[PDB]
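Source file coords.cif; content: mmCIF, C-alpha atoms and all ligand atoms.
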data_entry
loop_
_atom_site.label_atom_id
_atom_site.label_comp_id
_atom_site.auth_asym_id
_atom_site.auth_seq_id
_atom_site.Cartn_x
_atom_site.Cartn_y
_atom_site.Cartn_z
CA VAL A 3 84.87 124.14 112.41
CA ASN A 4 87.05 123.06 109.47
CA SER A 5 87.07 123.61 105.70
CA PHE A 6 85.91 120.17 104.51
CA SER A 7 82.73 120.43 102.42
CA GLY A 8 80.12 118.03 101.09
CA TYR A 9 80.87 115.03 103.32
CA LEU A 10 78.35 112.55 104.66
CA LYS A 11 78.72 112.04 108.42
CA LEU A 12 79.03 108.35 109.22
CA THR A 13 79.84 108.64 112.94
CA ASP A 14 80.89 111.18 115.54
CA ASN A 15 84.33 111.47 113.90
CA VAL A 16 84.25 109.80 110.43
CA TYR A 17 83.08 111.56 107.27
CA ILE A 18 82.97 110.25 103.67
CA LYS A 19 82.75 111.76 100.17
CA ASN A 20 82.99 110.69 96.54
CA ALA A 21 86.09 112.68 95.61
CA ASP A 22 89.53 112.57 94.03
CA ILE A 23 91.88 112.87 97.02
CA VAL A 24 94.34 114.83 94.85
CA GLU A 25 91.73 117.44 93.96
CA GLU A 26 90.36 117.39 97.50
CA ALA A 27 93.86 118.00 98.87
CA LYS A 28 94.60 120.79 96.37
CA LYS A 29 91.38 122.56 97.37
CA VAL A 30 91.42 122.10 101.14
CA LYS A 31 95.19 122.10 101.80
CA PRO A 32 94.61 120.00 104.93
CA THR A 33 97.09 119.74 107.76
CA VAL A 34 97.49 116.01 107.01
CA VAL A 35 96.83 114.02 103.85
CA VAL A 36 97.24 110.25 104.14
CA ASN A 37 99.07 108.35 101.43
CA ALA A 38 98.40 104.67 100.67
CA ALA A 39 102.11 103.87 100.87
CA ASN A 40 104.16 100.71 100.54
CA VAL A 41 107.14 99.89 102.75
CA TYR A 42 109.62 101.19 100.14
CA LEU A 43 107.74 104.48 99.60
CA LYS A 44 107.72 103.67 95.87
CA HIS A 45 104.75 105.77 94.74
CA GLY A 46 103.99 104.04 91.47
CA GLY A 47 100.24 103.69 91.20
CA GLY A 48 96.93 103.88 92.93
CA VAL A 49 96.53 106.76 95.36
CA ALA A 50 100.30 107.00 95.92
CA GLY A 51 101.08 107.31 92.23
CA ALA A 52 98.42 110.01 91.93
CA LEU A 53 99.58 112.01 94.96
CA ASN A 54 103.19 111.82 93.83
CA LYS A 55 102.37 112.91 90.26
CA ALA A 56 100.54 115.96 91.64
CA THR A 57 103.77 116.95 93.47
CA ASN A 58 105.77 116.80 90.22
CA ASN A 59 107.73 113.82 91.71
CA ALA A 60 108.93 115.85 94.72
CA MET A 61 107.21 113.35 97.03
CA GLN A 62 109.25 110.53 95.46
CA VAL A 63 112.54 112.46 95.75
CA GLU A 64 111.89 113.16 99.45
CA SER A 65 110.81 109.55 100.00
CA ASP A 66 113.95 108.10 98.42
CA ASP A 67 116.11 110.16 100.80
CA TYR A 68 113.97 108.97 103.74
CA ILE A 69 114.44 105.30 102.79
CA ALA A 70 118.17 105.74 102.15
CA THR A 71 118.51 107.04 105.72
CA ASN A 72 115.99 104.92 107.63
CA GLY A 73 115.26 101.78 105.63
CA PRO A 74 111.79 100.48 104.81
CA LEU A 75 108.69 101.00 106.87
CA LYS A 76 106.83 98.14 108.54
CA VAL A 77 103.53 96.88 107.17
CA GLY A 78 101.08 98.59 109.51
CA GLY A 79 103.52 101.45 110.10
CA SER A 80 103.83 105.04 108.96
CA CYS A 81 106.05 108.08 108.66
CA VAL A 82 105.34 111.81 108.48
CA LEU A 83 106.89 113.64 105.53
CA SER A 84 106.15 116.89 103.71
CA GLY A 85 102.76 117.45 102.12
CA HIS A 86 104.40 119.47 99.32
CA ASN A 87 101.75 121.46 97.38
CA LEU A 88 98.90 119.25 98.65
CA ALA A 89 98.93 119.59 102.46
CA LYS A 90 101.15 120.67 105.32
CA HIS A 91 102.16 117.05 106.01
CA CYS A 92 101.75 113.69 104.33
CA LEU A 93 101.25 110.70 106.62
CA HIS A 94 102.51 107.72 104.59
CA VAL A 95 100.65 104.69 105.99
CA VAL A 96 101.31 101.10 104.91
CA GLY A 97 98.21 98.94 104.91
CA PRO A 98 98.58 95.25 104.07
CA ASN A 99 98.61 94.51 100.32
CA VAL A 100 96.42 91.43 99.81
CA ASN A 101 97.94 90.93 96.36
CA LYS A 102 101.23 90.31 98.25
CA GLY A 103 99.75 87.91 100.84
CA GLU A 104 100.03 90.26 103.82
CA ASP A 105 98.01 89.71 107.00
CA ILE A 106 94.74 91.65 106.86
CA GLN A 107 94.79 91.87 110.67
CA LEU A 108 97.54 94.47 110.16
CA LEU A 109 94.86 96.80 108.77
CA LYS A 110 93.84 97.81 112.31
CA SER A 111 97.47 98.60 113.17
CA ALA A 112 97.69 100.74 110.02
CA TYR A 113 94.61 102.77 110.98
CA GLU A 114 95.97 103.29 114.52
CA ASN A 115 98.53 105.67 112.99
CA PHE A 116 95.67 108.09 112.25
CA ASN A 117 95.08 108.58 116.00
CA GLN A 118 98.31 110.61 116.25
CA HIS A 119 96.67 113.41 114.21
CA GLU A 120 93.61 115.42 115.19
CA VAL A 121 92.23 115.76 111.63
CA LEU A 122 93.12 113.91 108.41
CA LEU A 123 92.11 113.62 104.78
CA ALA A 124 92.53 109.97 103.84
CA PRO A 125 91.75 107.10 101.47
CA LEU A 126 90.45 103.75 102.65
CA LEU A 127 93.56 101.80 103.60
CA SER A 128 94.29 98.60 101.67
CA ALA A 129 91.52 99.37 99.15
CA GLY A 130 92.05 99.70 95.40
CA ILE A 131 95.21 97.99 94.16
CA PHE A 132 96.05 96.78 97.68
CA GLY A 133 93.26 94.23 97.16
CA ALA A 134 91.28 94.35 100.42
CA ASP A 135 87.48 94.67 100.59
CA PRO A 136 86.75 98.42 100.92
CA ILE A 137 83.62 97.70 102.99
CA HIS A 138 85.86 95.96 105.53
CA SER A 139 88.40 98.80 105.38
CA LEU A 140 85.66 101.30 106.24
CA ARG A 141 84.50 99.14 109.16
CA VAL A 142 88.03 98.87 110.60
CA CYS A 143 88.44 102.63 110.12
CA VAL A 144 85.27 103.42 112.06
CA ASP A 145 86.14 100.96 114.84
CA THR A 146 89.80 102.10 115.16
CA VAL A 147 90.19 105.80 114.36
CA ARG A 148 89.08 108.17 117.13
CA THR A 149 90.35 111.41 115.57
CA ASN A 150 88.47 113.26 112.83
CA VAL A 151 88.89 111.50 109.48
CA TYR A 152 87.57 112.71 106.12
CA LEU A 153 87.56 109.79 103.67
CA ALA A 154 87.77 110.39 99.93
CA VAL A 155 86.48 107.57 97.73
CA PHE A 156 87.41 108.07 94.08
CA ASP A 157 84.93 105.63 92.51
CA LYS A 158 81.35 106.93 92.61
CA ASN A 159 79.98 103.41 92.29
CA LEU A 160 82.05 102.25 95.26
CA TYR A 161 81.06 105.30 97.31
CA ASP A 162 77.33 104.58 96.93
CA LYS A 163 77.87 100.96 97.96
CA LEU A 164 79.86 101.95 101.07
CA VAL A 165 77.12 104.31 102.24
CA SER A 166 74.18 102.04 101.46
CA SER A 167 75.82 99.08 103.21
CA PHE A 168 77.17 101.01 106.21
CA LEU A 169 75.97 99.71 109.56
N1 LIG B 201 89.28 105.55 96.32
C1 LIG B 201 88.99 104.57 95.33
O1 LIG B 201 87.95 104.65 94.72
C2 LIG B 201 89.97 103.38 95.01
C3 LIG B 201 89.39 102.16 95.78
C4 LIG B 201 89.56 102.31 97.29
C5 LIG B 201 91.02 102.24 97.69
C6 LIG B 201 92.03 102.76 96.64
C7 LIG B 201 91.53 103.61 95.40
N2 LIG B 201 91.90 105.04 95.63
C8 LIG B 201 92.30 106.06 94.72
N3 LIG B 201 92.00 107.36 95.03
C9 LIG B 201 92.38 108.38 94.18
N4 LIG B 201 93.05 108.26 93.02
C10 LIG B 201 93.35 106.98 92.70
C11 LIG B 201 94.06 106.61 91.50
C12 LIG B 201 94.26 105.30 91.38
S1 LIG B 201 93.59 104.42 92.72
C13 LIG B 201 93.02 105.84 93.50
#
Could you express the structure from this file as structure tokens?
Ligand SMILES: NC(=O)[C@@H]1CCCC[C@@H]1Nc1ncnc2ccsc12
Amino acid sequence: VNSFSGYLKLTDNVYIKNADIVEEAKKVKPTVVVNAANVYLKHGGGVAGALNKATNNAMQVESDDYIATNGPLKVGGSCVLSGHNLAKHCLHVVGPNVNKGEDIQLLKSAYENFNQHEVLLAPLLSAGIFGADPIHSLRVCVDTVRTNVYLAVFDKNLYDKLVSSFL
């Protein structure tokens, strides 16, 4: 039993809700919140900009030190950093950004990072400003993640479409 509330159960392990991941994180304080990161951990917009703003820029400060030490992530890769005031940990995961021409096949690799964590609050990878089809992102999620994932979909219109079209 966990503290997530109001989710629709899609499969054995995947749950979905129309919710603002920032507000969902502030309420639940999950062990792991997933950020829709880029390889530079520059949290400018989309989910990443929103998560970082909620930390008063502390996420960005920590991220800049991480990059200065380790260099950029790989597309499809991840790193674990602090969750600040939102969660115990933040798993920064880089899905392919279609508006940069990156290989959508890397979306499965990105979701594989979730399997290293028993329970996660997450957005749909590569959705929003990363330009991929969110229906496809949900499909890859369901077919790749085996751990318990609670998906927050900000746009109510998109949420209804994802549910109604889910196979
Ligand atoms: N979840 C959604 O409806 C959007 C479409 C799917 C993928 C990305 C995007 N997610 C976001 N979630 C929370 N806050 C924000 C702020 C700006 S984008 C965003």
Exercise. Counting all atoms listed in the file, what is within 9 Å of residue 80 (chain A), bar same-chain residues fewer than 5 positions away, as JSON, numbers by chain?
Worked result: {"A": [39, 41, 75, 93, 94, 95, 96, 112, 115]}
Problem set entry | Nearest-residue call for residue 40 (chain A), choices A:113, A:53, A:132, A:28, using all atoms listed in the file |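 Closest to residue 40 (chain A) of all the choices is A:132.
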For this session: Please extract the residues at most 10 Å from ligand LIG 201 (chain B), counting all atoms listed in the file, and provide them as a PyMOL selection string, using the chain letters and residue numbers of this document.
Result: chain A and resi 19-26+37-38+46-53+124-137+139-140+153-161
Need the shell around residue 83 (chain A): protein/DNA/RNA residues with any atom at most 12 Å away, counting all atoms listed in the file. Skip same-chain ones fewer than 2 positions apart. Format as a PDB file with C-alpha atoms, in the frame of the given file?
ATOM      1  CA  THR A  33      97.090 119.740 107.760  1.00  0.00           C
ATOM      2  CA  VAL A  34      97.490 116.010 107.010  1.00  0.00           C
ATOM      3  CA  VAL A  35      96.830 114.020 103.850  1.00  0.00           C
ATOM      4  CA  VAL A  36      97.240 110.250 104.140  1.00  0.00           C
ATOM      5  CA  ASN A  37      99.070 108.350 101.430  1.00  0.00           C
ATOM      6  CA  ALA A  39     102.110 103.870 100.870  1.00  0.00           C
ATOM      7  CA  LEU A  43     107.740 104.480  99.600  1.00  0.00           C
ATOM      8  CA  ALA A  60     108.930 115.850  94.720  1.00  0.00           C
ATOM      9  CA  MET A  61     107.210 113.350  97.030  1.00  0.00           C
ATOM     10  CA  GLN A  62     109.250 110.530  95.460  1.00  0.00           C
ATOM     11  CA  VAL A  63     112.540 112.460  95.750  1.00  0.00           C
ATOM     12  CA  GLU A  64     111.890 113.160  99.450  1.00  0.00           C
ATOM     13  CA  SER A  65     110.810 109.550 100.000  1.00  0.00           C
ATOM     14  CA  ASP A  66     113.950 108.100  98.420  1.00  0.00           C
ATOM     15  CA  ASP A  67     116.110 110.160 100.800  1.00  0.00           C
ATOM     16  CA  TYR A  68     113.970 108.970 103.740  1.00  0.00           C
ATOM     17  CA  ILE A  69     114.440 105.300 102.790  1.00  0.00           C
ATOM     18  CA  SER A  80     103.830 105.040 108.960  1.00  0.00           C
ATOM     19  CA  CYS A  81     106.050 108.080 108.660  1.00  0.00           C
ATOM     20  CA  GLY A  85     102.760 117.450 102.120  1.00  0.00           C
ATOM     21  CA  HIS A  86     104.400 119.470  99.320  1.00  0.00           C
ATOM     22  CA  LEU A  88      98.900 119.250  98.650  1.00  0.00           C
ATOM     23  CA  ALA A  89      98.930 119.590 102.460  1.00  0.00           C
ATOM     24  CA  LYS A  90     101.150 120.670 105.320  1.00  0.00           C
ATOM     25  CA  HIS A  91     102.160 117.050 106.010  1.00  0.00           C
ATOM     26  CA  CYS A  92     101.750 113.690 104.330  1.00  0.00           C
ATOM     27  CA  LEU A  93     101.250 110.700 106.620  1.00  0.00           C
ATOM     28  CA  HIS A  94     102.510 107.720 104.590  1.00  0.00           C
ATOM     29  CA  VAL A  95     100.650 104.690 105.990  1.00  0.00           C
TER      30      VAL A  95
END
Would you place a box with edges along x, y and z of the file around all atoms of region 131-141 of chain A listed there, add 6 Å to each of its six sides, and report the centre and edge lengths in Å to one decimal, as JSON?
{"center_x": 89.8, "center_y": 97.8, "center_z": 101.7, "size_x": 24.4, "size_y": 19.1, "size_z": 27.0}
Problem set entry | Nearest candidate to residue 77 (chain A) (options A:99, A:5, A:117, A:13; using all atoms listed in the file) |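 Answer, going by the shortest atom-to-atom distance: A:99.
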